[PDB]
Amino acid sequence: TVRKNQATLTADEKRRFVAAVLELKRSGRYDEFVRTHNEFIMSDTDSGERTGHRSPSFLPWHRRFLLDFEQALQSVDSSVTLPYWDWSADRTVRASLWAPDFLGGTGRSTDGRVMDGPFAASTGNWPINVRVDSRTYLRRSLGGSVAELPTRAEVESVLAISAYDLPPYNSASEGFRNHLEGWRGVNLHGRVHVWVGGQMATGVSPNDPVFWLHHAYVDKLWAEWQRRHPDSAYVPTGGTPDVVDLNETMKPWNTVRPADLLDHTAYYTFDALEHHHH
């Protein structure tokens, strides 16, 4: 499985990715991913049990969640893999990401409604069902709520952080995981959700297919971090209340641990990933 930069997909790869995503939606399988995500968003808390978010397992949890989704796509079309969106490089509304042959663009100004691309409500193919805001059409406001996406220089300063995570292992932590997740620092992953707007700014953010491309790049940045810091590894490593330790299993699956997900190459590679070097 090779995960490719979205900017580099061929027309045929874009077409097959879109068709596979729409088939998961038509068959009812897609919306269960949205629901699982929102349940963890609402249940993960800084002072209590936390698994998918605001915790060291944010990264292995999303890696396995994206694996579940990619395997569902491959059960529809075995050639499709998740692409990633390098929002540090493809940072404007003119990125081919946002073209009508891929994800469609920004929402119109009155109601945020996306009006083009395969996921526009007018196609009849992308009902928003699992939702909190009662409207049932895909919405976006690219750059509406926050002026700019992270830059490469900002990403680099987070990749330079040596410690994977630090007590208290939550949204107040210093360390790589929380700077990437974004709750401290210049904010990488959370800022991108804010920048897209619409459902992506909510706990039901997988309603927007860009969710998967964003998280595939967050996942790639973890891989890059490991290359930068081969000497540093997941923490904590046992006996931490409310937090998933290295060799503890993770909900919802219960059959997988952070330890089983540290090495992505057991499941996929990237089109390009620098190896370790000074």
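All residue numbers refer to positions in the sequence shown, first residue = 1.
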Mean CA temperature factor from the deposited coordinates, higher in 260 to 268 or in 19 to 27?
260 to 268
Mean CA temperature factor from the deposited coordinates, higher in 214 to 222 or in 234 to 242?
234 to 242
In this PDB entry, which of 188, 99, 89, 82 has the top CA B-factor?
89
Between 136, 178, 109, 207, which one tops the list for Cα B-factor in this entry?
109
Which third, lowest, middle or highest, does the C-alpha temperature factor of residue 40 belong to within its own chain?
middle
So where's residue 125 on the chain's Cα temperature factor ranking, which third?
lowest
By the record's CA B-factor, is residue 197 among the lowest, middle or highest third of residues in the chain?
lowest
How does residue 105 rank on Cα B-factor within its chain, lowest, middle or highest third?
middle
If you rank every modelled residue in this chain by C-alpha B factor, which third holds residue 114: lowest, middle or highest?
lowest
